[PDB]
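Some notes on the structure that comes next.
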Protein chains: 2
Amino acid sequence: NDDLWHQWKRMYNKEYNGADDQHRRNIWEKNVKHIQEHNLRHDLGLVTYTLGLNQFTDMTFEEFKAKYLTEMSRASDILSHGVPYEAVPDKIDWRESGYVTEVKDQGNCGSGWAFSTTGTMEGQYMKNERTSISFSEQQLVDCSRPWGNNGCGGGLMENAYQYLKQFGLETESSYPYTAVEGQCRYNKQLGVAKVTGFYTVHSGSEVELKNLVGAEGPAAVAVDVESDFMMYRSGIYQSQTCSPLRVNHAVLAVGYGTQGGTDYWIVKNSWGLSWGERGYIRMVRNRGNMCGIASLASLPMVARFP
Amino acid sequence: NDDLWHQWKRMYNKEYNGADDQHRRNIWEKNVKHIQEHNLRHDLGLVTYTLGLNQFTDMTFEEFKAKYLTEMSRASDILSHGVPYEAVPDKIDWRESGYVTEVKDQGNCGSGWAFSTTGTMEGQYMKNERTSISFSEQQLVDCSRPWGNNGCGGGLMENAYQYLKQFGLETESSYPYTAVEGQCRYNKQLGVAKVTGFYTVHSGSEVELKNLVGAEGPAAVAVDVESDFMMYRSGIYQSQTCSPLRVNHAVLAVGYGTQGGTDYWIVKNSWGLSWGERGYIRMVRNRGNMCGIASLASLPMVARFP
């Protein structure tokens with residue numbers, strides 16, 4: 001694996017001091033052994049997804065979790081501060097409508113919640129205005145602490161929506177992403193979009209989530225990320241150990257479909273295109289609210305700011 | 001790997017005596033180690049195809065070669081006994097026209113040449129007659145020795161064409177496949193199709209082969225099969241060690257295309273759907289006549305028998 005370690009480090013621009021290189025190699029090797037074992041089971045049809053190398057392969061899951069993941073759900077969620085959602089196609093992929101921006105990269109920051117927010121906002125704005133937009137995650141990271149968010153330490157899309165009822169969301173061009181929380185640089189003159197209300201699906205109902213996505217557009221969701229999620233490469237992800245109460249990272253449900261009998265969600269992540277299926281994960285659908293996808297879902301109603 | 005060995009044996013209905021199980025496990029393990037190593041290189045972008053488990057994983061390549069492969073080309077081939085072929089689409093897949101039957105399985109028999117023949121015949125007949133047909137490989141295996149073929153020990157499509165100038169090719173239903181050479185059971189009353197002539201591309205010209213496939217339909221071809229070909233699972237196959245003079249197994253070029261800059265051939269095999277991309281291999285195109293694909297190609301002109 002010597003050859004491959006050096007190539008992997010080049011691919012992801014990883015550079016370590018003498019104190020770290022061997023420990024990182026050891027983690028990488030352990031992870032690689034798991035990927036190789038898992039993937040042979042896939043070839044025999046014993047699991048429905050594969051694992052792969054990516055920018056996280058030299059991390060332990062506990063390290064990853066400390067950096068990127070935080071418990072997002074509370075029992076309080078049962079009754080949302082939006083409108084709970086209750087005649088749609090059997091399959092849909094809002095990428096095909098032009099309503100989804102390319103996959104972004106949150107970098108060294110636990111800011112998935114901010115990408116999920118901007119992604120659902122992008123979907124609505126592009127649909128309603130028939131034009132391209134990409135919104136600022138950095139604005140959310142830097143400016144929404146008073147609404148209960150914690151920057152790179154985590155947050156909630158529904159908290160961001162409350163912020164965005166009063167303050168207009170800027171474009172990426174106006175307020176670009178740095179992956180470091182800084183002082184709020186909100187400029188009212190550059191606000192483009194605001195939230196007027198939002199729909200929720202917090203019930204665990206995958207039918208309700210399908211209805212929301214199929215009628216309205218890409219929905220913000222949170223999921224329970226485990227080690228195999230960190231390492232996911234392709235196929236339909238499933239877990240027997242995840243919990244719908246332990247959602248800990250936000251993503252974007254852009255569609256749904258079925259492959260060879262097995263229903264799935266199409267989910268956009270913010271870990272770059274090197275993770276998953278060019279940045280996406282297909283997660284099993286209609287199988288127990290897998291990983292809590294229908295436990296913390298939402299979709300804002302968006303208007304021009306003004 | 002204990003779990004996986006037993007599952008692999010179940011999947012492929014492999015049963016061994018006490019004298020053999022350990023040696024077969026050892027071969028399988030060595031092959032599995034190679035597959036796992038190779039596939040991690042693919043994840044890093046160092047190779048353009050992957051390997052996988054299949055019904056051959058407990059075989060050595062030397063065993064496989066002895067069973068299935070035989071040198072097919074000779075210097076004599078430069079001047080064919082057909083018509084050498086010299087305005088087509090940039091991509092084509094004759095599966096989309098309905099001119100290709102499902103992938104078949106030659107079983108325990110070195111009869112690829114017979115499947116290649118029936119596949120190119122199927123293409124022409126279905127195109128010319130606008131109806132479904134599947135032709136008998138067994139007839140070719142059992143009946144074409146006088147024309148220089150050797151049954152499960154190998155043969156040539158162009159020898160089969162000469163046979164088929166006089167004798168009509170039966171359907172699979174009339175003369176089904178057994179994978180064992182037997183006495184010729186030709187029944188003139190059940191002959192459906194004959195050959196009136198054939199085109200050849202023996203020059204090494206991939207442009208000429210593209211022209212033939214793109215204008216006329218699926219072409220019989222022979223390729224130099226090496227160990228990674230035996231283990232191919234997905235992607236665009238390439239080899240730096242194959243030779244255009246060592247073609248040793250026949251297949252069917254059903255089309256061609258390009259993916260992310262890299263041109264390819266779409267090739268139907270006769271090793272069942274458990275091998276390759278549901279029985280197919282995409283082989284790099286326009287890169288040195290890779291594996292001899294344009295060294296022994298042909299396509300018959302087919303007519304009703306009569």
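Ordering of the structure tokens sets the chain letters (A, B, ...), residue numbers begin anew at 1 in every chain, and ligands are numbered from 1 in the order given.
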Which of segment 21-205 of chain A DSSP labels alpha helix (DSSP H), written as a ChimeraX atom specification: /A:21-43,61-68,112-129,137-143,157-164
What are the closest atom pairs, with distances in Å to one decimal, for each residue of chain B lying within 7 Å of chain A, using only C-alpha atoms, rows by chain and rising residue number, as a tab-separated table?
residue	atom	partner	partner_atom	distance
B:8	CA	A:44	CA	6.8
B:36	CA	A:36	CA	5.8
B:43	CA	A:53	CA	6.4
B:44	CA	A:8	CA	6.8
B:52	CA	A:43	CA	6.7
B:53	CA	A:43	CA	6.4
Shortest interatomic distance to residue 207 of chain B - which of B:248, B:227, B:144, B:289, counting only C-alpha atoms: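 Smallest distance to residue 207 of chain B is found for B:289.
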For residue 86 of chain A: contacts at 12 Å, only C-alpha atoms, fewer than 6 positions along chain excluded, given as a list in words: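 Residues near the query, excluding close chain neighbours: residues 199, 200, 201, 202, 203, 205, 206, 207, 208, 209, 210, 211, 212, 213, 214, 215 and 216 of chain A.
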Who sits within 7 Å of residue 220 of chain A, only C-alpha atoms, same chain under 6 positions skipped, as a PyMOL selection string: chain A and resi 116-117+120+251-253+297-299
With N, CA, C and O atoms retained, export the selected residues as an mmCIF file, in the first residue's frame.
data_model
loop_
_atom_site.group_PDB
_atom_site.id
_atom_site.type_symbol
_atom_site.label_atom_id
_atom_site.label_comp_id
_atom_site.auth_asym_id
_atom_site.auth_seq_id
_atom_site.Cartn_x
_atom_site.Cartn_y
_atom_site.Cartn_z
ATOM 1 N N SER A 116 -27.364 22.929 3.609
ATOM 2 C CA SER A 116 -28.734 22.401 3.449
ATOM 3 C C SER A 116 -29.682 23.559 3.292
ATOM 4 O O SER A 116 -30.557 23.545 2.422
ATOM 5 N N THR A 117 -29.496 24.586 4.118
ATOM 6 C CA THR A 117 -30.353 25.794 4.013
ATOM 7 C C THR A 117 -30.195 26.468 2.646
ATOM 8 O O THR A 117 -31.179 26.800 1.972
ATOM 9 N N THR A 120 -31.839 24.366 -0.225
ATOM 10 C CA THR A 120 -33.327 24.389 -0.334
ATOM 11 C C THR A 120 -33.764 25.767 -0.779
ATOM 12 O O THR A 120 -34.711 25.923 -1.580
ATOM 13 N N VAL A 251 -28.351 17.688 5.001
ATOM 14 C CA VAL A 251 -28.185 17.462 3.555
ATOM 15 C C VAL A 251 -29.472 17.896 2.839
ATOM 16 O O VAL A 251 -30.309 18.552 3.440
ATOM 17 N N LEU A 252 -29.608 17.570 1.567
ATOM 18 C CA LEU A 252 -30.687 18.106 0.732
ATOM 19 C C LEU A 252 -31.278 16.952 -0.076
ATOM 20 O O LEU A 252 -30.584 16.301 -0.851
ATOM 21 N N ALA A 253 -32.583 16.711 0.118
ATOM 22 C CA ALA A 253 -33.287 15.693 -0.668
ATOM 23 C C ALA A 253 -33.777 16.325 -1.962
ATOM 24 O O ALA A 253 -34.688 17.158 -1.944
ATOM 25 N N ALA A 297 -37.166 17.313 8.402
ATOM 26 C CA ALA A 297 -37.188 17.854 7.050
ATOM 27 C C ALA A 297 -37.924 19.159 7.000
ATOM 28 O O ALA A 297 -38.901 19.365 7.755
ATOM 29 N N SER A 298 -37.565 20.014 6.054
ATOM 30 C CA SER A 298 -38.240 21.307 5.896
ATOM 31 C C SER A 298 -37.984 21.891 4.539
ATOM 32 O O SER A 298 -37.064 21.459 3.832
ATOM 33 N N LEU A 299 -38.820 22.841 4.141
ATOM 34 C CA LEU A 299 -38.722 23.506 2.844
ATOM 35 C C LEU A 299 -39.340 24.873 2.975
ATOM 36 O O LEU A 299 -40.493 24.977 3.355
#
